[PDB]
Amino acid sequence: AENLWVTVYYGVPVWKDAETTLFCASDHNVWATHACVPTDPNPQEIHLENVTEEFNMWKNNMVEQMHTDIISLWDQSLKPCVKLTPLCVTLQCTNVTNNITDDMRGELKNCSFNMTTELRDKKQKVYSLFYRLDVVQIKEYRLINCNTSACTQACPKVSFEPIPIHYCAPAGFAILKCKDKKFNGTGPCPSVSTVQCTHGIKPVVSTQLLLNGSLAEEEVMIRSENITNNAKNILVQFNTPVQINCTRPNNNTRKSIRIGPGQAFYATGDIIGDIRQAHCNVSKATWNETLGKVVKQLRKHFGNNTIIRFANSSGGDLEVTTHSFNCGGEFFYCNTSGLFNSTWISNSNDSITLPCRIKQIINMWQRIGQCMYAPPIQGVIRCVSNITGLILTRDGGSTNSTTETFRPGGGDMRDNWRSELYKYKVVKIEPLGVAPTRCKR
Amino acid sequence: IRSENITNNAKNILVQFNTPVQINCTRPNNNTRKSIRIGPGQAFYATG
Amino acid sequence: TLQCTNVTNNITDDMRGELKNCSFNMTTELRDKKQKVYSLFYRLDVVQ
Ligand SMILES: *[C@@H]1O[C@H](CO)[C@@H](O[C@@H]2O[C@H](CO)[C@@H](O[C@@H]3O[C@H](CO)[C@@H](O)[C@H](O[C@H]4O[C@H](CO)[C@@H](O)[C@H](O)[C@@H]4O[C@H]4O[C@H](CO)[C@@H](O)[C@H](O)[C@@H]4O)[C@@H]3O)[C@H](O)[C@H]2NC(C)=O)[C@H](O)[C@H]1NC(C)=O
Ligand SMILES: *[C@@H]1O[C@H](CO)[C@@H](O[C@@H]2O[C@H](CO)[C@@H](O)[C@H](O)[C@H]2NC(C)=O)[C@H](O)[C@H]1NC(C)=O
Ligand SMILES: *[C@@H]1O[C@H](CO)[C@@H](O[C@@H]2O[C@H](CO)[C@@H](O)[C@H](O)[C@H]2NC(C)=O)[C@H](O)[C@H]1NC(C)=O
Ligand SMILES: *[C@@H]1O[C@H](CO)[C@@H](O[C@@H]2O[C@H](CO)[C@@H](O)[C@H](O)[C@H]2NC(C)=O)[C@H](O)[C@H]1NC(C)=O
Ligand SMILES: *[C@@H]1O[C@H](CO)[C@@H](O[C@@H]2O[C@H](CO)[C@@H](O)[C@H](O)[C@H]2NC(C)=O)[C@H](O)[C@H]1NC(C)=O
Ligand SMILES: *[C@@H]1O[C@H](CO)[C@@H](O[C@@H]2O[C@H](CO)[C@@H](O)[C@H](O)[C@H]2NC(C)=O)[C@H](O)[C@H]1NC(C)=O
Ligand SMILES: *[C@@H]1O[C@H](CO)[C@@H](O[C@@H]2O[C@H](CO)[C@@H](O)[C@H](O)[C@H]2NC(C)=O)[C@H](O)[C@H]1NC(C)=O
Ligand SMILES: *[C@@H]1O[C@H](CO)[C@@H](O[C@@H]2O[C@H](CO)[C@@H](O)[C@H](O)[C@H]2NC(C)=O)[C@H](O)[C@H]1NC(C)=O
Ligand SMILES: *[C@@H]1O[C@H](CO)[C@@H](O[C@@H]2O[C@H](CO)[C@@H](O)[C@H](O)[C@H]2NC(C)=O)[C@H](O)[C@H]1NC(C)=O
Ligand SMILES: *[C@@H]1O[C@H](CO)[C@@H](O[C@@H]2O[C@H](CO)[C@@H](O)[C@H](O)[C@H]2NC(C)=O)[C@H](O)[C@H]1NC(C)=O
Ligand SMILES: *[C@@H]1O[C@H](CO)[C@@H](O)[C@H](O)[C@H]1NC(C)=O
Ligand SMILES: *[C@@H]1O[C@H](CO)[C@@H](O)[C@H](O)[C@H]1NC(C)=O
Ligand SMILES: *[C@@H]1O[C@H](CO)[C@@H](O)[C@H](O)[C@H]1NC(C)=O
Ligand SMILES: *[C@@H]1O[C@H](CO)[C@@H](O)[C@H](O)[C@H]1NC(C)=O
Ligand SMILES: *[C@@H]1O[C@H](CO)[C@@H](O)[C@H](O)[C@H]1NC(C)=O
Ligand SMILES: *[C@@H]1O[C@H](CO)[C@@H](O)[C@H](O)[C@H]1NC(C)=O
Ligand SMILES: *[C@@H]1O[C@H](CO)[C@@H](O)[C@H](O)[C@H]1NC(C)=O
Ligand SMILES: *[C@@H]1O[C@H](CO)[C@@H](O)[C@H](O)[C@H]1NC(C)=O
Ligand SMILES: *[C@@H]1O[C@H](CO)[C@@H](O)[C@H](O)[C@H]1NC(C)=O
Ligand SMILES: *[C@@H]1O[C@H](CO)[C@@H](O)[C@H](O)[C@H]1NC(C)=O
């Protein structure tokens with residue numbers, strides 16, 4: 001005695017987890033914003049009441065899409081640049097000993113070599129100042145990348161500065177944002193909203209320290225796909241940024257050598273004045289209190305009476321064993337030994353100085369056979385950044401001892417994107433629905 | 001037997017079998033491949 | 001330019017001059033260096 005019939009409803013607010021291709025939006029640069037949709041002056045956020053959604057930062061396809069887009073943009077920006085195939089020549093290198101400190105012992109090589117000119121039948125004897133990490137002995141030396149692939153000198157006019165990027169979904173798709181503070185990136189989120197696209201995310205390439213990122217608005221956040229598994233990288237998000245001041249104080253000189261028709265190689269001529277190591281400075285008290293916050297947050301996961309130890313990176317490439325980043329076109333690799341060096345037991349104005357080594361030959365992503373040569377930057381360089389998080393790895397894990405050791409980690413830039421896209425997911429709207437109603441056609 | 005125009009000798013005749021004929025093709029030389037670095041990240045594979 | 005000789009070691013009567021042992025100069029990873037190498041080419045692949 002029901003006499004119910006099918007009734008079709010179009011425009012129903014129902015969605016399903018889906019993977020699609022988000023497009024860029026933003027307000028010469030490597031991150032090509034000239035192909036991005038203009039961002040709306042007043043973006044609209046729809047706050048969904050009574051909606052609880054399942055989120056998982058460690059299986060988000062947005063991270064993979066961002067990784068692919070960033071790699072593609074990096075490749076695109078380098079295509080219309082000079083290829084330094086002639087640079088693979090025998091180098092007559094001597095030690096740069098004019099006005100050097102004891103920490104720059106043999107770190108710079110004054111290398112003279114023959115080079116091609118615009119005329120095919122003429123050669124020019126030139127010289128350049130290379131870094132010890134960029135050359136390898138065969139007094140005779142050759143560039144490190146010569147036995148793997150030819151390097152592409154980045155065009156100098158293109159800037160490496162991160163620019164915020166918004167990832168907006170196509171029609172029929174929505175971006176659900178988890179507004180729940182204290183959210184650890186996985187599980188039900190009861191405070192949900194719909195956004196045309198996220199906040200402006202800057203693609204900051206850094207290892208062992210998340211830089212110029214977002215800050216937790218409540219407290220330090222510890223996130224891990226499986227915290228009990230030591231193989232999983234722990235993402236730490238700060239609530240108070242730690243100011244870091246990184247400088248190369250050498251007054252570098254950039255000379256230009258015509259290596260062919262319309263092709264210029266930018267060499268380091270001579271350093272004006274004293275030569276001393278590039279470095280970074282981090283406030284000691286701020287770092288200590290941030291580490292205390294991280295320790296008391298980790299105690300929730302690893303017990304209240306455990307010993308929390310911070311030590312050096314285990315080993316590997318220079319990219320991962322050191323805080324690797326870019327500061328105004330020059331690629332720094334900083335020995336973060338004064339930061340993660342302490343033990344914590346449950347119970348003024350100086351700063352930690354991290355020495356840094358500069359590199360010109362760069363393999364940014366974990367790829368072999370695709371290298372980039374950074375042209376030298378004219379003059380001293382200084383840059384100030386916010387440390388907003390960490391990429392830690394837990395050492396050991398056996399139950400014999402009651403101490404937990406965390407070491408800096410990185411290498412894979414997907415984690416860097418994951419720390420910004422943790423509170424976002426993509427869904428596809430299913431407007432069609434069928435329901436029972438007493439109405440009959 | 002198939003042909004666009006069988007009477008025209010210029011047209012190729014396509015013959016399709018019903019019983020395949022097994023053919024065994026071999027190069028019995030124990031060739032040695034060596035690699036010569038001809039440039040940065042470029043290898044030429046020669047017969048040693 | 002290839003300096004080619006006849007491959008005559010342990011060859012049959014049906015392989016008379018079918019393989020050429022050719023030595024030549026070649027580029028290396030370093031632009032200012034050359035390497036003397038050799039390879040076994042086929043008679044159909046080289047011309048005097
Ligand atoms: C985190 O964010 C902070 C703040 O945004 C970042 O710190 C800023 O970093 C930028 C870039 O390093 C820096 O801007 C530079 O300031 C210099 C001093 O004023 C300028 O000289 C420099 O301009 C040159 O470079 C630009 C490209 O980078 C060119 O567009 C410009 O024309 C200049 O280029 C000329 O001069 C150079 C040098 O002589 C020469 O080689 C060229 O051929 C050309 O002749 C930049 O504008 C900010 O000053 C920094 N701000 C602060 C507060 O520190 C920090 O880097 C971010 N962290 C990370 C990891 O990204
Ligand atoms: C690197 O080497 C070059 C050449 O070996 C040096 O250039 C010479 O500088 C002196 C001055 O001290 C001049 O008298 C010479 O004529 C220069 N030679 C050439 C070919 O330019 C250069 O000074 C060295 N730089 C460093 C930092 O050691
Ligand atoms: C640039 O090329 C010249 C010429 O090839 C080099 O000078 C030669 O050096 C070799 C030793 O390696 C000598 O046997 C030759 O007699 C030299 N010839 C001349 C004309 O000088 C020179 O050494 C090269 N420079 C660099 C930096 O590699
Ligand atoms: C480093 O962190 C400080 C503090 O979080 C940032 O200063 C804030 O900048 C925003 C601009 O978007 C302002 O709205 C806030 O009022 C500022 N707060 C304070 C306390 O100054 C600073 O911009 C950050 N710098 C970088 C490079 O990320
Ligand atoms: C990092 O800190 C060091 C000190 O630990 C700074 O070195 C001082 O720099 C000032 C320049 O303003 C000089 O006047 C002092 O003589 C230096 N002292 C020492 C002991 O080196 C360094 O300048 C700081 N660098 C940055 C980028 O902040
Ligand atoms: C972390 O600290 C340890 C020691 O405190 C460093 O080990 C040193 O490594 C250098 C280079 O291999 C050696 O010359 C020293 O003798 C080592 N010291 C000791 C006490 O063994 C380790 O290199 C540091 N980690 C990083 C990434 O720099
Ligand atoms: C990072 O810094 C630490 C601290 O200076 C380095 O460890 C030092 O290594 C030297 C070897 O040149 C030893 O003489 C010191 O005794 C070590 N000090 C300590 C406290 O262990 C470490 O080698 C640096 N990392 C790299 C890769 O050089
Ligand atoms: C093709 O046929 C010839 C003979 O018709 C084969 O030559 C024989 O190969 C076997 C190897 O199993 C030897 O034991 C004989 O001594 C060979 N006899 C002669 C006269 O050559 C040849 O192996 C066959 N090849 C293939 C690929 O089937
Ligand atoms: C092709 O020619 C090369 C060189 O002309 C031969 O290599 C030589 O082999 C002999 C052994 O019989 C060695 O003593 C020489 O030192 C080798 N020379 C070089 C430059 O490698 C090679 O054996 C020849 N191969 C054939 C099939 O004829
Ligand atoms: C590789 O190059 C060298 C040098 O160009 C060649 O040796 C020369 O051969 C010519 C004859 O063609 C002589 O006139 C020269 O005197 C030789 N010079 C030297 C330094 O040996 C050699 O023949 C080349 N090899 C091949 C296989 O072509
Ligand atoms: C250059 O200096 C380094 C370290 O001081 C030393 O190992 C090397 O032998 C020196 N090379 C010279 C003097 O050619
Ligand atoms: C290039 O040379 C370095 C040191 O000379 C070596 O470690 C590396 O394995 C070499 N790479 C290749 C592809 O030969
Ligand atoms: C923190 O992550 C764990 C991982 O399983 C999850 O069970 C828990 O619900 C998360 N925290 C909150 C407050 O949801
Ligand atoms: C986490 O990793 C441990 C091994 O270290 C494993 O026993 C456990 O089942 C994992 N947990 C999940 C939820 O996968
Ligand atoms: C670097 O050297 C140039 C040329 O002598 C000079 O004009 C400039 O002021 C110097 N800069 C610094 C920071 O010493
Ligand atoms: C970094 O530089 C700023 C000035 O730009 C200064 O106020 C701050 O104290 C410095 N911090 C450190 C740790 O050197
Ligand atoms: C690490 O801390 C210890 C104090 O236990 C100190 O002796 C050592 O010099 C520190 N090392 C660095 C690189 O700061
Ligand atoms: C086939 O070829 C013959 C010879 O050229 C010609 O006479 C005949 O018309 C052709 N048949 C057809 C269907 O075109
Ligand atoms: C070819 O030569 C290699 C090296 O001498 C040997 O290991 C292999 O067994 C040989 N193969 C044949 C089919 O003779
Ligand atoms: C190599 O052999 C072929 C055929 O046997 C012959 O025509 C040619 O003249 C020979 N070349 C030599 C011996 O240089």
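Listed values, structure above:
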item	result
Among A:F406, A:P376, A:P431 - extreme Cα towards positive end, dipole of the range A:365-441, charges at beta-carbon	A:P431
Ranked list, fewest to most other Cβ atoms within 10 Å of each Cβ, for C:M26, A:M221	C:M26, A:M221
Neighbour-count order for A:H323, A:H301, fewest beta carbons within 10 angstrom listed first	A:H301, A:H323
Distribution of pairwise C-alpha distances over the protein assembly as shown, 10 Å bins, in %	3, 14, 19, 18, 16, 13, 10, 6, 2, 0, 0
Shielding by partners - mean other protein chain Cβ count within 10 Å, residues of C:13-26	1
Selection from A:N95, A:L78, A:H47, by position along the positive dipole direction of the range A:1-125 (Cβ)	A:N95
Label-point separation, A:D412 to A:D103 (7 Å along Cα→Cβ), nm	3.4
In the range A:28-123, GluC sites (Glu not before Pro) in a DSSP loop with at most 10 other beta-carbon atoms within 10 Å	A:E49
Two-site FRET efficiency, C:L44 against B:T32, from Cβ-Cβ distance with R₀ of 25 Å, rounded to 0.05	0.80
Neighbour-count ranking [beta-carbon atoms within 10 angstrom, fewest first] of A:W287, A:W5, A:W417, A:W365	A:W5, A:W365, A:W287, A:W417
Distance between modelled label sites at A:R367 and A:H199, nm, 7 Å Cα→Cβ extension	3.1
Enclosed volume per residue, in Å³, of the convex hull spanned by Cα atoms of chain B	218
Cα-projected label distance for C:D13 with A:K139, points at 7 Å along beta-carbon direction, nm	6.3
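Bear in mind these aren't lab numbers, they're just calculated from the coordinates by the rules spelled out. Virtual Cβ from ideal backbone geometry, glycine too; neighbours counted across all protein chains shown.
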